[PDB]
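J.: Got a structure for you, questions after.
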Amino acid sequence: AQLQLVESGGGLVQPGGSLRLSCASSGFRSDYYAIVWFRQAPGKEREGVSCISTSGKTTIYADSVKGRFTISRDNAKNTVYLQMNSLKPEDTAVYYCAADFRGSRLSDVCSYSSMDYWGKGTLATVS
Amino acid sequence: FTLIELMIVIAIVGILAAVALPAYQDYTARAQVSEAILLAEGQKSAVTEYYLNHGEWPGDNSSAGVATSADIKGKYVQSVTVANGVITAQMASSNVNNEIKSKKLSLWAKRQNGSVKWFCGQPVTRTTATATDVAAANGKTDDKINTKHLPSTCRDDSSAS
Ligand SMILES: *[C@@H]1O[C@H](C)[C@@H](NC(=O)[C@H](O)CO)[C@H](O)[C@H]1NC(C)=O
Ligand SMILES: *OP(=O)(O)OC[C@H](O)CO
């Protein structure tokens with residue numbers, strides 16, 4: 001009951017570029033959680049970006065990133081990937097990875113509220 | 001009597017020694033399935049309350065306030081899973097009957113204008129938390145308990161209303 005998440009893959013790229021973000025979770029039943037990606041820009045508050053279900057057959061996105069962001073889960077490596085395409089200068093923020101506990105490996109509920117664990121965060125600036 | 005009668009008696013004894021037995025495996029499987037039926041019957045007190053106080057069926061075990069699916073174990077049951085208001089119980093895999101090895105049974109409810117009916121039978125699945133219809137499992141893995149291994153009161157069809 002002490003799951004930890006590590007985020008890596010951030011960097012600086014020109015507009016129209018692509019970045020790949022990965023979240024690695026290790027400890028106890030890591031396959032019983034749902035990984036949700038957040039984003040907080042300076043001045044404003046936190047907001048949701050994408051979510052993935054425990055079964056892997058239910059993925060939701062945000063209205064501002066529809067059609068440009070893709071999220072996939074590979075349980076063999078215990079990593080969740082988030083790929084960005086057609087980047088925009090209005091996407092400069094700090095990305096966070098967090099998990100929500102669901103008592104089933106065949107769930108299809110994705111939500112952006114009531115999160116348990118969190119992550120340090122990764123920096124991604126585009127200019 | 002003579003030797004022929006004694007030989008016939010010995011032959012009859014040999015015939016009676018090796019005789020066919022009825023299908024007693026089905027009765028044992030029916031007895032063992034009742035454990036999963038009872039274990040799944042204990043989780044409806046936390047699903048109906050959520051449906052009544054929130055207007056939608058629970059999505060997973062966390063929303064219904066029940067233990068983890070892998071932790072609801074018995075002598076012949078290995079998991080109980082809640083998904084969109086449907087309770088599914090799966091048998092064990094090693095020390096069970098050869099006919100109910102790794103098989104599932106369901107328990108779902110439908111809302112009426114003056115009561116909440118409950119059904120028992122073969123696996124069924126829902127689509128959304130605010131739906132009122134159920135369909136067959138269609139798992140394509142042969143994980144359905146046969147009719148002969150269920151009580152006559154637990155053979156409801158997926159289209160029952
Ligand atoms: C419990 O499960 C519910 C189905 C879920 N609700 C939804 O997904 C929305 O109603 C959209 O269908 C709740 O978010 C879950 N509750 C908790 C605390 O996770
Ligand atoms: O995840 P769940 O509790 O539904 O069980 C999965 C499977 O039955 C492993 O036992």
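Lettering and numbering for the structure tokens are positional, with chains as A, B, ... in the shown order, residues counted from 1 in each chain, and ligands counted from 1 in the shown order.
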Report as CSV: every residue of chain B with an atom at most 12 Å from ligand 2, its closest pair of atoms, and their distance in Å to one decimal, counting only C-alpha atoms and all ligand atoms, with rows sorted by chain and ascending residue number.

T.:
```
residue,atom,partner,partner_atom_place_in_ligand_line,distance
B:59,CA,ligand 2,4 (O),11.8
B:60,CA,ligand 2,4 (O),8.7
B:61,CA,ligand 2,3 (O),8.0
B:62,CA,ligand 2,3 (O),10.5
B:66,CA,ligand 2,3 (O),10.4
B:67,CA,ligand 2,3 (O),8.6
B:68,CA,ligand 2,3 (O),5.3
B:69,CA,ligand 2,3 (O),2.5
B:70,CA,ligand 2,3 (O),4.2
B:71,CA,ligand 2,3 (O),7.1
B:72,CA,ligand 2,3 (O),7.9
B:73,CA,ligand 2,10 (O),9.1
B:77,CA,ligand 2,10 (O),9.6
B:78,CA,ligand 2,10 (O),6.1
B:79,CA,ligand 2,8 (O),4.8
B:80,CA,ligand 2,3 (O),6.3
B:81,CA,ligand 2,4 (O),4.3
B:82,CA,ligand 2,4 (O),7.2
B:83,CA,ligand 2,4 (O),8.4
B:86,CA,ligand 2,4 (O),11.5
B:87,CA,ligand 2,4 (O),9.8
B:88,CA,ligand 2,4 (O),8.5
B:89,CA,ligand 2,8 (O),8.3
B:90,CA,ligand 2,8 (O),6.8
B:91,CA,ligand 2,8 (O),9.2
B:92,CA,ligand 2,10 (O),9.2
B:93,CA,ligand 2,10 (O),10.7
B:102,CA,ligand 2,8 (O),9.8
B:103,CA,ligand 2,8 (O),10.8
B:104,CA,ligand 2,8 (O),10.0
```

J.: Please return as a PyMOL selection string the residues found within 7 Å of ligand 1, counting only C-alpha atoms and all ligand atoms.

T.: (chain A and resi 109-111+114) or (chain B and resi 56-60+62-64+129)

J.: Hey, list the chain A side of the contact with chain B: 7 Å cut-off, only C-alpha atoms, answer as a ChimeraX atom specification.

T.: /A:102-104,107,109

J.: Could you pull the residues within 10 Å of residue 46 of chain A, counting only C-alpha atoms, minus those fewer than 4 positions along the same chain, as a list in words?

T.: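 Once the adjacent positions are removed, what remains is residues 38, 39, 40, 41, 42, 93, 94, 95 and 96 of chain A.
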
J.: From the set A:73, A:80, A:99, A:92, which residue has the shortest atom-to-atom contact distance to residue 2 of chain A, counting only C-alpha atoms?

T.: A:99

J.: Find the distance between atom CA of residue 32 of chain B and atom CA of residue 124 of chain B and write it in Å to one decimal.

T.: 20.9 Å

J.: If you run DSSP over the backbone, which residues in segment 8-150 of chain B end up strand (DSSP E or B)? Put them as a ChimeraX atom specification.

T.: /B:77-83,86-91,104-111,116-121,124-125,135-136,144

J.: Quote the spacing between atom CA of residue 50 of chain A and atom CA of residue 120 of chain A in Å to one decimal place.

T.: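 Atom-to-atom, atom CA of residue 50 of chain A to atom CA of residue 120 of chain A, that is 17.7 Å.
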
J.: Between atom CA of residue 45 of chain B and atom CA of residue 76 of chain B, what distance in Å does the model show, to one decimal?

T.: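 That distance, rounded to one decimal, is 22.7 Å.
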